[PDB]
């Protein structure tokens, strides 16, 4: 495949879009370093991933034919995340692609929702970049860093809940991370871009809370996780070698409507 011999580090890889990236990039030949919390955060009113789900991602990727290192780790904890990445490096010996995908959407928790969404969705993305840079720079072969933002990183879409205004703030902060790192790493031939999905059919929105709590331009209800994985697989390939500093909506026209 176009990614044979490369290694992709993916946060939130136990299910949802993170699993879709693991499967898609492995299908294209990449080996995978997969991390997920595999535990609950109290301000999040829907279940986060289980250890069983991370093991399921591992089986899918192994069946495709790639090597995979999978660790439980929390993106909020730099030492934890660094240790997990280093386990992947010890086994696979290189790093080419980073997909900073782990995220949460807390609600109905008061300001705990603000703090937790900033911590996972902004600080955790910072940590994901920071733990990867020294390897990418030392290797001297360029690479790709893909940050997962949202429509809410470019538009004021949300409710008054602290976790929702925090989600908007965090996802906007992720665009800032993208833009500064695209500038800092361009000289190293490391591309940095952000992806902005509107709604995607995953357990972040397919849950009891969201149904009880509860439009794109194209007549598309919700995107598939594969739509997001397909965009990312293009971006990290040689077909997109000179694409950097871009905010890419994958959204059936939502941001332009």
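Positions refer to the first chain, counted from 1.
- In this entry, residue 214 is separated from residue 215 by 10 or more residues of the deposited sequence that have no coordinates.
- Comparing 1-9 with 246-254, the higher mean C-alpha B-factor in the PDB entry belongs to 1-9.
- Looking at mean Cα B-factors across 226-234 and 46-54, the upper value is held by 46-54.
- Within the selection 173, 143, 163, 93, the deposited Cα B-factor values reach their highest point at 93.
- Sorting 198, 193, 210, 202 by the CA temperature factor given in the entry leaves 210 at the top.
- Among the modelled residues of its chain, residue 128 has a C-alpha B-factor that falls in the lowest third, as given in the PDB entry.
- Sorting the modelled residues of the chain by their CA temperature factor places residue 119 in the lowest third.
- Residue 103: CA B factor lies in the lowest third for its chain, per the PDB record.
- Residue 85: CA B factor in the middle third of modelled residues in this chain (values from the PDB entry).
- Remark: residue 135 belongs to the middle third of its chain, ranked by C-alpha B-factor as recorded.
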